[PDB]
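Below is one structure, written out as structure tokens; the observations come after it.
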Amino acid sequence: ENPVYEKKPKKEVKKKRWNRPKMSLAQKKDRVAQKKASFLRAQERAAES
RNA sequence: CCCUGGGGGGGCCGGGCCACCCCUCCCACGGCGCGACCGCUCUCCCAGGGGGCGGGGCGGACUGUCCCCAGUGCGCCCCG
């Protein structure tokens, strides 16, 4: 006698941040040389000392 | 008008214009300079190399055989 499926009006909130964004080209290309610098600082200094 | 019934020329007067020299419109094309809009990006620049669009904000996320201090995007707002 009542199958109509009324719906809750869904609104109630407006917020938007839960997971990571995909990092860009210049952010990961500069992640590479930041590791290439950190490697050669422990190859030069930490083996000359 | 000219030469011997014949011959050779000049013509008759107004109208505008392609135009002929002097002043004026709209287009087509080409060049230089200027204005503002849209779109693109970083050079002159700046603290020989080097460091960029900066600078600031609301920020917000991220990076480092770990110089924990340094570095990189993106949203917005404003000038170059």
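Quick note on naming: the chains in the structure tokens go A, B, ... in the order shown, residues restart at 1 in each chain, and ligands are numbered from 1 in order of appearance.
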
Counting only C-alpha atoms (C1' of nucleotides), what are the residues of chain B within 12 Å of chain A, and for each of them which pair of atoms is the nearest and at what distance in Å, to one decimal? Sort the table by chain and rising number, as CSV.
residue,atom,partner,partner_atom,distance
B:60,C1',A:17,CA,10.2
B:61,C1',A:20,CA,8.0
B:62,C1',A:23,CA,7.9
B:63,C1',A:31,CA,6.1
B:64,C1',A:34,CA,6.3
B:65,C1',A:39,CA,6.1
B:66,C1',A:38,CA,8.2
B:67,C1',A:41,CA,7.7
B:70,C1',A:34,CA,9.8
B:71,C1',A:34,CA,7.8
B:72,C1',A:27,CA,4.8
B:73,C1',A:27,CA,5.7
B:74,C1',A:24,CA,9.1

(request) Tell me which protein, DNA and RNA residues are within 12 Å of segment 43-57 of chain B, counting only C-alpha atoms (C1' of nucleotides), leaving out same-chain ones fewer than 2 positions away, and put them as a ChimeraX atom specification. (result) /B:41,59,76-80

(request) Calculate how many Å separate atom CA of residue 18 of chain A from atom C1' of residue 58 of chain B, rounding to one decimal. (result)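 Pair atom CA of residue 18 of chain A / atom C1' of residue 58 of chain B returns 20.2 Å.
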
(request) Enumerate the residues of chain A with a DSSP assignment of helix (DSSP H, G or I), computed from the backbone, and present them as a ChimeraX atom specification. (result) /A:25-48
